[PDB]
Amino acid sequence: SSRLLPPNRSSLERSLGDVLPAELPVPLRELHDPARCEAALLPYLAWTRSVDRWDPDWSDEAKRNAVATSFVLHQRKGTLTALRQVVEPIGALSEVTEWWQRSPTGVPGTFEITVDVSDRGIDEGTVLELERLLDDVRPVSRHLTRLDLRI
Amino acid sequence: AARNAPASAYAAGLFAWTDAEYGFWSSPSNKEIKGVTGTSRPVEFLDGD
Amino acid sequence: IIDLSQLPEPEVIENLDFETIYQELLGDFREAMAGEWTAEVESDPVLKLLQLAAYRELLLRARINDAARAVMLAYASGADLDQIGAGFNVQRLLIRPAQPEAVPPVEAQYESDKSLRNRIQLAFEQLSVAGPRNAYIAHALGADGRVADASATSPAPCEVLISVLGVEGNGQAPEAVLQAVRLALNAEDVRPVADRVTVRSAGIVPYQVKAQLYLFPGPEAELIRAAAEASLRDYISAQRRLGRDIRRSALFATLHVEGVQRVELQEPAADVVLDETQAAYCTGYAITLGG
Amino acid sequence: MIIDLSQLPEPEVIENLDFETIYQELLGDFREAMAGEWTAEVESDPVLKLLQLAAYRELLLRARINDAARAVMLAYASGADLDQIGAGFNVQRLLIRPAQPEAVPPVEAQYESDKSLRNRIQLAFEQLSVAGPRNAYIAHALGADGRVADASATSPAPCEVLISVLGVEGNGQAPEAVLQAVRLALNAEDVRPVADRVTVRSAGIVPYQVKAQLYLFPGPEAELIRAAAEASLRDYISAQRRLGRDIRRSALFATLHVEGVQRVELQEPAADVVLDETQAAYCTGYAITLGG
Amino acid sequence: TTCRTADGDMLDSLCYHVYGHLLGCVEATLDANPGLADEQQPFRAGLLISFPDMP
């Protein structure tokens with residue numbers, strides 16, 4: 001700037017010290033914070049965090065928490081806690097099934113789960129995604145294709 | 001943090017340093033104050049104006 | 001597993017050309033010199049200083065963009081994934097390293113690009129030891145003499161059907177190479193779950209392609225015909241890398257090179273389907289010119 | 001098995017900088033651009049006032065890019081820049097002494113050095129997460145304290161996994177108080193549709209006495225070498241608190257016949273123990289005696 | 001050898017009194033200082049610069 005130049009300086013040099021540097025922003029630390037990425041380059045960060053399912057229809061508050069908690073979801077796939085948070089944009093946590101609620105030794109299929117999801121914000125559609133959105137959390141052969149839903 | 005000093009004891013540190021380094025006949029009016037790190041309401045003296 | 005480093009470049013800072021950077025500096029300069037601007041002030045030495053300054057942040061908007069490429073896994077080059085893979089527990093290993101059989105012919109070799117990045121992509125798919133769909137995949141890529149894996153389950157539960165495919169040549173993988181996946185999956189699976197290991201789980205049908213391309217009257221037809229297989233012979237080996245389908249359009253677009261005005265296809269009458277279970281193999285091709 | 005960060009090669013984006021190789025370019029970009037109309041390379045010429053801002057302020061922008069590229073790499077970030085890498089992987093910096101003082105001088109809150117955060121981000125991958133294999137059911141069964149190691153099995157494939165907790169307090173039975181203390185951890189740390197029948201024991205106290213009629217030479221060393229073989233028996237039994245638990249007859253012959261015994265007459269081990277994962281073992285004591 | 005600046009001190013002036021020369025001594029100071037370049041060139045009253053040894 002003007003101060004950077006020596007004290008004996010013209011008004012021409014004093015103006016050029018504000019112009020000839022011409023500083024620029026460096027938005028480089030914001031590329032790896034998902035809560036501070038811009039919306040135009042957000043699916044670049046979603047690839048390297050291995051975000052398995054993604055929709056270009058969510059709000060920005062619903063897009064950044066799906067990337068920030070992508071570590072915790074894949075860290076403990078089997079545990080119920082990750083299942084609670086994989087349904088993040090659909091605000092829904094009602095009930096989870098277990099063995100002893102059914103008395104005759106489980107269903108044939110060794111108790112595949114029929115989870116409960118409740119959505120009041122959106123009523124149109126939202127059914128045909130939930131059988132494949134929960135597919136990545138589901139193991140390959142520990143669970144079967146039986147499913148239950150609720151609107 | 002930075003606190004505001006009355007800038008009168010720092011001048012006494014210059015009248016007592018310039019007499020032991022340059023003599024009492026030498027004014028302290030261009031000598032450094034080592035402890036300071038600021039000046040409330042900073043003054044302007046650019047080059048030769 | 002899809003390579004992201006084959007897309008158009010993202011711009012993190014905007015990349016203006018040389019002219020609109022120059023007039024943007026002049027406008028700021030006029031505001032600073034307001035009340036003092038004269039025709040004499042915009043002299044030839046002053047203007048040539050401003051033509052430098054319009055060029056220096058032309059090399060700084062190019063500096064921020066070229067730095068932001070090599071930080072993201074999209075368009076990162078060699079000797080720089082070691083800083084990124086350390087953040088994803090990815091260390092490069094030795095595939096026949098520098099053993100000097102004879103001392104002047106040194107033969108040093110590491111893992112190449114575009115497959116070590118894939119392991120970094122699968123780094124988060126190796127955390128869960130409770131066996132999701134990709135942990136059986138992402139641990140089976142530890143070997144070298146194979147290709148990637150796909151998981152499915154038709155029968156009764158806790159019976160995993162994994163299809164261990166392998167690219168080394170004509171189809172059938174050896175059974176001694178098949179035993180290495182149980183050495184790579186011993187304390188990574190779940191203990192009650194039990195997999196069956198089928199190398200070819202649906203069958204192999206022989207495929208070909210016959211294309212009669214046209215080139216322009218012009219440059220040489222030897223290097224332009226051969227450039228079609230430069231994007232094709234590595235493309236056929238990447239089809240069962242994801243276990244997915246080939247199309248008629250895959251037999252068109254992988255033959256369009258510089259000097260093509262129309263192409264043609266005769267080998268399928270209708271397109272075939274290849275699911276995540278169903279796969280096939282291509283024996284031998286013959287792509288010539290019609291001219 | 002983590003790789004140390006001190007053995008990595010230097011990367012591409014980090015550049016050693018020079019003021020001269022920027023400033024001598026700005027000479028060689030302006031001198032050709034004037035076509036010989038400017039030729040005063042004396043420092044007092046006011047073009048060299050301005051080319052030393054365009055070589056210093058550009059060098060500050062080159063250093064911001066190098067500081068920001070190091071701040072997103074695990075082997076180079078420090079300060080509040082490992083906070084953003086740590087918050088993404090759910091890793092926080094510890095608290096040695098708390099923040100608030102009770103006295104008039106403010107006690108500073110000590111924090112672990114930034115050379116140890118690169119340990120904790122790198123150990124955030126290879127970490128106990130879920131009881132998948134045989135080696136992870138037991139490590140998630142380490143909530144209590146009065147207990148030695150354990151092993152798991154599964155007699156059917158599709159539904160049931162069996163975990164047989166043994167705790168060495170007395171005879172090696174599991175108390176009923178710690179039966180529910182295991183089940184609190186397991187529900188949230190295991191695969192959801194497991195039939196984890198966590199019962200205290202398939203079989204507990206299986207009393208394995210031992211007796212050995214030691215035959216020695218009556219010389220001077222017979223007091224020192226007899227107690228050395230008994231010490232080799234103690235750490236063996238302490239190594240048999242296990243589910244591998246291979247109590248034998250001929251394996252105890254080798255231990256006894258190390259250096260100097262002539263022979264031994266074993267009474268209580270007469271046959272080999274049949275081995276399954278489900279049962280356990282225990283040794284109540286022995287009756288050692290001299291041959292004469 | 002960490003030193004504390006004042007609110008008008010500048011980088012090339014400081015490490016000339018410390019080192020005695022400025023060839024390869026300023027950008028090495030910006031290298032071995034996290035976030036120093038991000039901070040504005042007229043330094044704040046209480047920033048800490050750790051000057052490295054053997055310039």
# chains A, B, ... in the order shown; residues from 1 in each chain; ligands from 1
call {"tool": "closest_atom_pairs", "arguments": {"of": "range 189-226 of chain D", "to": "range 275-286 of chain D", "cutoff": "12 Å", "atoms": "only C-alpha atoms", "output": "tab-separated table"}}
result
residue	atom	partner	partner_atom	distance
D:199	CA	D:278	CA	11.5
D:200	CA	D:278	CA	11.0
D:201	CA	D:279	CA	7.6
D:202	CA	D:278	CA	5.2
D:203	CA	D:279	CA	4.6
D:204	CA	D:280	CA	5.4
D:205	CA	D:282	CA	6.2
D:206	CA	D:281	CA	5.3
D:207	CA	D:282	CA	5.7
D:208	CA	D:283	CA	5.1
D:209	CA	D:283	CA	6.0
D:210	CA	D:286	CA	5.3
D:211	CA	D:286	CA	5.6
D:212	CA	D:286	CA	8.3
D:213	CA	D:286	CA	11.2
call {"tool": "write_last_selection", "arguments": {"atoms": "N, CA, C and O atoms", "output": "compact mmCIF listing (two decimals), in the first residue's frame"}}
result
# COMPACT_ATOMS: atom_id res chain seq x y z
N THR D 199 -24.77 -65.40 27.77
CA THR D 199 -25.00 -66.17 28.99
C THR D 199 -23.61 -66.34 29.63
O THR D 199 -22.59 -66.29 28.93
N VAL D 200 -23.54 -66.57 30.93
CA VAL D 200 -22.22 -66.62 31.57
C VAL D 200 -21.23 -67.69 31.08
O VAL D 200 -20.08 -67.34 30.79
N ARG D 201 -21.64 -68.95 30.94
CA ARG D 201 -20.71 -69.98 30.45
C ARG D 201 -21.33 -71.22 29.80
O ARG D 201 -22.35 -71.73 30.26
N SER D 202 -20.71 -71.71 28.73
CA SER D 202 -21.14 -72.95 28.10
C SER D 202 -20.83 -74.03 29.13
O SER D 202 -21.60 -74.96 29.36
N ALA D 203 -19.66 -73.86 29.73
CA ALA D 203 -19.11 -74.70 30.79
C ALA D 203 -18.04 -73.90 31.52
O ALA D 203 -17.14 -73.34 30.88
N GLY D 204 -18.14 -73.85 32.84
CA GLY D 204 -17.24 -73.04 33.64
C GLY D 204 -16.13 -73.80 34.33
O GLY D 204 -15.11 -74.11 33.71
N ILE D 205 -16.31 -74.08 35.62
CA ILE D 205 -15.31 -74.78 36.42
C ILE D 205 -15.19 -76.23 35.96
O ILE D 205 -16.06 -77.08 36.23
N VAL D 206 -14.13 -76.52 35.22
CA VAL D 206 -13.78 -77.88 34.83
C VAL D 206 -12.48 -78.23 35.55
O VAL D 206 -11.40 -77.94 35.02
N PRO D 207 -12.55 -78.81 36.75
CA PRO D 207 -11.38 -78.81 37.66
C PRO D 207 -10.27 -79.73 37.17
O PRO D 207 -10.47 -80.94 37.04
N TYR D 208 -9.12 -79.14 36.89
CA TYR D 208 -7.96 -79.86 36.35
C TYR D 208 -6.88 -79.88 37.43
O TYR D 208 -6.06 -78.96 37.53
N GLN D 209 -6.89 -80.93 38.25
CA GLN D 209 -5.77 -81.15 39.14
C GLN D 209 -4.55 -81.61 38.35
O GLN D 209 -4.65 -82.13 37.24
N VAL D 210 -3.37 -81.39 38.93
CA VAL D 210 -2.12 -81.96 38.45
C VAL D 210 -1.36 -82.53 39.64
O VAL D 210 -1.41 -81.98 40.75
N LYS D 211 -0.68 -83.65 39.42
CA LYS D 211 0.30 -84.18 40.35
C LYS D 211 1.50 -84.69 39.57
O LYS D 211 1.35 -85.21 38.47
N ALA D 212 2.69 -84.52 40.15
CA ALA D 212 3.93 -84.92 39.49
C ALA D 212 4.85 -85.55 40.52
O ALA D 212 5.23 -84.90 41.50
N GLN D 213 5.21 -86.82 40.30
CA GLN D 213 6.18 -87.52 41.14
C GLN D 213 7.56 -87.28 40.54
O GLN D 213 8.02 -88.02 39.67
call {"tool": "residues_around", "arguments": {"residues": "residue 236 in chain D", "least_positions_apart": "6", "cutoff": "12 Å", "atoms": "only C-alpha atoms", "output": "list in words"}}
result
residues 229, 230, 242, 245, 246, 247, 248, 251, 252, 255, 256 and 283 of chain D
call {"tool": "interface_residues", "arguments": {"of": "chain B", "to": "chain E", "cutoff": "9 Å", "atoms": "only C-alpha atoms", "output": "NGL selection string"}}
result
:B and (1-2 or 36-38)
call {"tool": "write_last_selection", "arguments": {"atoms": "C-alpha atoms", "output": "short mmCIF file (atom, residue, chain, number, x, y, z; two decimals), in the first residue's frame"}}
result
data_model
loop_
_atom_site.label_atom_id
_atom_site.label_comp_id
_atom_site.auth_asym_id
_atom_site.auth_seq_id
_atom_site.Cartn_x
_atom_site.Cartn_y
_atom_site.Cartn_z
CA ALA B 1 -3.36 -7.44 25.63
CA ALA B 2 -2.39 -3.86 24.84
CA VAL B 36 6.20 0.54 23.40
CA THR B 37 4.04 -1.27 20.85
CA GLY B 38 1.44 1.35 19.95
#
call {"tool": "residues_around", "arguments": {"residues": "residue 239 in chain C", "least_positions_apart": "6", "cutoff": "10 Å", "atoms": "only C-alpha atoms", "output": "NGL selection string"}}
result
:C and (245-246 or 279-281)
call {"tool": "closest_atom_pairs", "arguments": {"of": "chain A", "to": "chain B", "cutoff": "10 Å", "atoms": "only C-alpha atoms", "output": "Markdown table"}}
result
| residue | atom | partner | partner_atom | distance |
| --- | --- | --- | --- | --- |
| A:3 | CA | B:46 | CA | 9.5 |
| A:6 | CA | B:47 | CA | 8.5 |
| A:7 | CA | B:47 | CA | 4.9 |
| A:8 | CA | B:47 | CA | 5.3 |
| A:9 | CA | B:47 | CA | 8.2 |
call {"tool": "interface_residues", "arguments": {"of": "chain A", "to": "chain D", "cutoff": "8 Å", "atoms": "only C-alpha atoms", "output": "PyMOL selection string"}}
result
chain A and resi 5+13+16-17+20-21+23-24+26+28-29+32-33+68-69+71-72+75-76+78-81+98-99+110-113+142
call {"tool": "atom_distance", "arguments": {"atom1": "CA of residue 135 in chain D", "atom2": "CA of residue 123 in chain D"}}
result
18.2 Å
call {"tool": "residues_around", "arguments": {"residues": "residue 11 in chain E", "least_positions_apart": "2", "cutoff": "8 Å", "atoms": "only C-alpha atoms", "output": "JSON list (two decimals) with N, CA, C and O atoms, in the first residue's frame"}}
result
[["chain", "number", "residue", "atom", "x", "y", "z"],
["E", 9, "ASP", "N", 5.57, -2.68, 13.01],
["E", 9, "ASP", "CA", 6.78, -3.37, 12.57],
["E", 9, "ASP", "C", 6.52, -4.18, 11.31],
["E", 9, "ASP", "O", 5.41, -4.66, 11.06],
["E", 13, "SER", "N", 12.36, -5.50, 7.93],
["E", 13, "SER", "CA", 13.11, -4.66, 8.86],
["E", 13, "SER", "C", 13.53, -5.44, 10.10],
["E", 13, "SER", "O", 14.64, -5.25, 10.61],
["E", 14, "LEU", "N", 12.64, -6.29, 10.62],
["E", 14, "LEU", "CA", 12.91, -7.05, 11.83],
["E", 14, "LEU", "C", 14.05, -8.05, 11.65],
["E", 14, "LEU", "O", 15.03, -8.04, 12.41],
["E", 15, "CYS", "N", 13.95, -8.91, 10.64],
["E", 15, "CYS", "CA", 14.97, -9.94, 10.41],
["E", 15, "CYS", "C", 16.23, -9.42, 9.72],
["E", 15, "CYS", "O", 17.11, -10.23, 9.42],
["E", 26, "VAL", "N", 13.84, -13.82, 4.47],
["E", 26, "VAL", "CA", 12.48, -13.34, 4.67],
["E", 26, "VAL", "C", 11.45, -14.41, 4.31],
["E", 26, "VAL", "O", 10.51, -14.65, 5.07],
["E", 41, "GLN", "N", 0.49, -7.29, 6.09],
["E", 41, "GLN", "CA", 1.92, -6.95, 6.14],
["E", 41, "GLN", "C", 2.26, -5.93, 7.24],
["E", 41, "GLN", "O", 3.29, -6.12, 7.90]]
call {"tool": "select_by_dssp", "arguments": {"residues": "range 64-216 of chain C", "states": "alpha helix (DSSP H)", "output": "ChimeraX atom specification"}}
result
/C:64-69,81-85,116-121,135-140,175-178,180-184
call {"tool": "residues_around", "arguments": {"residues": "residue 31 in chain E", "least_positions_apart": "3", "cutoff": "8 Å", "atoms": "only C-alpha atoms", "output": "count of residues only"}}
result
6
call {"tool": "atom_distance", "arguments": {"atom1": "CA of residue 88 in chain C", "atom2": "CA of residue 120 in chain C"}}
result
6.3 Å
call {"tool": "interface_residues", "arguments": {"of": "chain C", "to": "chain D", "cutoff": "10 Å", "atoms": "only C-alpha atoms", "output": "count of residues only"}}
result
55
call {"tool": "select_by_dssp", "arguments": {"residues": "chain E", "states": "strand (DSSP E)", "output": "PyMOL selection string"}}
result
chain E and resi 2-4+48-50
call {"tool": "write_last_selection", "arguments": {"atoms": "N, CA, C and O atoms", "output": "compact mmCIF listing (two decimals), in the first residue's frame"}}
result
# COMPACT_ATOMS: atom_id res chain seq x y z
N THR E 2 11.48 -17.16 19.43
CA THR E 2 10.26 -16.42 19.11
C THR E 2 10.34 -15.01 19.68
O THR E 2 10.65 -14.83 20.86
N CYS E 3 10.04 -14.02 18.84
CA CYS E 3 10.00 -12.62 19.22
C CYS E 3 8.60 -12.07 18.96
O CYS E 3 7.86 -12.58 18.12
N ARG E 4 8.25 -11.02 19.69
CA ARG E 4 6.95 -10.38 19.56
C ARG E 4 7.10 -9.05 18.84
O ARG E 4 7.99 -8.26 19.16
N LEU E 48 3.19 -13.25 17.19
CA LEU E 48 4.45 -13.90 17.54
C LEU E 48 5.08 -14.50 16.29
O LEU E 48 4.48 -15.35 15.63
N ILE E 49 6.30 -14.05 15.97
CA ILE E 49 7.09 -14.61 14.88
C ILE E 49 8.23 -15.41 15.48
O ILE E 49 9.03 -14.88 16.27
N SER E 50 8.30 -16.70 15.13
CA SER E 50 9.41 -17.56 15.53
C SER E 50 10.47 -17.54 14.44
O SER E 50 10.30 -18.15 13.39
call {"tool": "closest_atom_pairs", "arguments": {"of": "chain E", "to": "chain D", "cutoff": "7 Å", "atoms": "only C-alpha atoms", "output": "CSV"}}
result
residue,atom,partner,partner_atom,distance
E:24,CA,D:18,CA,6.5
E:27,CA,D:17,CA,6.2
E:30,CA,D:63,CA,6.7
E:34,CA,D:67,CA,6.6
E:35,CA,D:67,CA,6.1
E:37,CA,D:64,CA,5.1
E:38,CA,D:64,CA,5.6
call {"tool": "residues_around", "arguments": {"residues": "residue 180 in chain D", "least_positions_apart": "2", "cutoff": "12 Å", "atoms": "only C-alpha atoms", "output": "VMD selection string"}}
result
chain D and resid 141 143 to 144 165 174 to 178 182 to 187 197 to 200
call {"tool": "atom_distance", "arguments": {"atom1": "CA of residue 135 in chain C", "atom2": "CA of residue 140 in chain A"}}
result
10.2 Å
call {"tool": "residues_around", "arguments": {"residues": "residue 54 in chain E", "least_positions_apart": "3", "cutoff": "10 Å", "atoms": "only C-alpha atoms", "output": "ChimeraX atom specification"}}
result
/E:19,25,51
